[PDB]
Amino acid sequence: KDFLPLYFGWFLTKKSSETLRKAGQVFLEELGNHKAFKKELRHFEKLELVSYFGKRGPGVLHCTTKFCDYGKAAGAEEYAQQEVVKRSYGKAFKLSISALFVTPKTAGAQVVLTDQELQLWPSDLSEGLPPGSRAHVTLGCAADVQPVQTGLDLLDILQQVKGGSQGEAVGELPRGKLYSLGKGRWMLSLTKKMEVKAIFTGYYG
């Protein structure tokens, strides 16, 4: 049997990946300047977040669908054998970014998947949240933080937002509204969604 990739996911083009990478850099630089962030620094001299989130990927940003660990992961073989997965393999997709976010552990961009893009999303064996809510693009990680965290951090954020714990926006950036969720969490609800071009394929390390 042919073993699977490390993980499936949409991989952004050079232009898209550069666009979002700079968009995230500006966000972290602006958030680090904002007065509302400095007050709640103890909950989280100046702390520049670009350094703080030092761990970032090889350089091509991606939105992971299914982590297969070459087949070691559960539901890996089940996932890859799907027709939509093999049909969509190598095909280009347009992902939408609704927001950027930051926690003490991770920083990333929230992806909003279209229904067709939802057919490529796994549903293996996160309560009351529509599938695909986890969809994200990691922008950086803290030193002792695993890659897996970034997805979990987004879910936990959206768990609060549906409750209305974000409340008032503590600031207004030129590209969106800024939100304090406490416990070091920060969300930038983008005014206009960022669209990016990405190819759905498998990554083998």
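Position 1 is the first residue in the sequence shown; the rest follow in order.
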| item | value |
| --- | --- |
| Between neighbours residue 45 and residue 44, residues that the deposited sequence lists but the model omits | 4 to 9 |
| Count class of coordinate-free deposited residues lying between the neighbours residue 125 and residue 126 | 4 to 9 |
| Residue range whose averaged C-alpha B-factor is higher in the record, 13-21 or 178-186 | 178-186 |
| Segment of higher mean CA temperature factor, 148-156 or 163-171 | 163-171 |
| Among 55, 35, 66, 62 - the residue whose C-alpha B-factor is largest in the record | 35 |
| Entry-reported Cα temperature factor of residue 31, expressed as the chain third it lands in | highest |
| Third of chain Cα B-factors occupied by residue 108 | lowest |
| CA B-factor ranking of residue 129, expressed as a third of its chain | highest |
